[PDB]
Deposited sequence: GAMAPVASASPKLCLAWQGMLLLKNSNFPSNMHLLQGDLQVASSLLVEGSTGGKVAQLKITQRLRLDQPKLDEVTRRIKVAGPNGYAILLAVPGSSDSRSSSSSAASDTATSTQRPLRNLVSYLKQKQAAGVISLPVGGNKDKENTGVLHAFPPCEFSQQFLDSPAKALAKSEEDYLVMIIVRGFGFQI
């Protein structure tokens, strides 16, 4: 049964919009999430995660998401459920706050997963980095939702499934 630990709270960013979100652990290694959802240089907490790329939801991409989880192994991935969270001129990054449903609807219509490189700011060694793929509700993402998970996921318009994979190849 999914642990549902509150692994992260903050804003997802896409260009000039931000979306408050709470992320709950569904499966995999909580430590994979806690070690990558950070500022890369310090390991410190980050309040924003920026979607910088899109992955198409075509079957060949989905099959590679599945394969990279299996390659990484039980200590090399985490899957989270992202649900809506709780709702200056010199700021180099401006953004309109929007409900998570906006981002969900966008990714559903674009038929894409959002890509977030981790940790924030990167790292020179390929093996201490990772990637989060943010999937909208769809047949692929529903396979990771058991009955207690769906209760959190109120509607097919209000959640994302976040798949974090650490490193390159098998994780030990």
Deposited-sequence ranges lacking CA coordinates, in order, are 1 to 9, 97 to 104
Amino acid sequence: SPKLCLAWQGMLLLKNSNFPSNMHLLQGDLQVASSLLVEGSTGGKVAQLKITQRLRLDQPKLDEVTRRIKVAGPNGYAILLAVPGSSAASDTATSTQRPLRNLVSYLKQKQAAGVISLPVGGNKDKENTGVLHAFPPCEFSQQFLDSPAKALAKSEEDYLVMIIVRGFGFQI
From here on, numbers count along this sequence of modelled residues.
Comparing 118 to 126 with 27 to 35, the higher average Cα temperature factor in the PDB entry belongs to 118 to 126
Averaging the C-alpha temperature factors as deposited, the higher value of 50 to 58 versus 141 to 149 falls on 141 to 149
Top Cα B-factor in this entry, restricted to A72, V83, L80, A88, sits on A88
Temperature factor at the Cα of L6, chain-ranked in thirds, falls in the middle
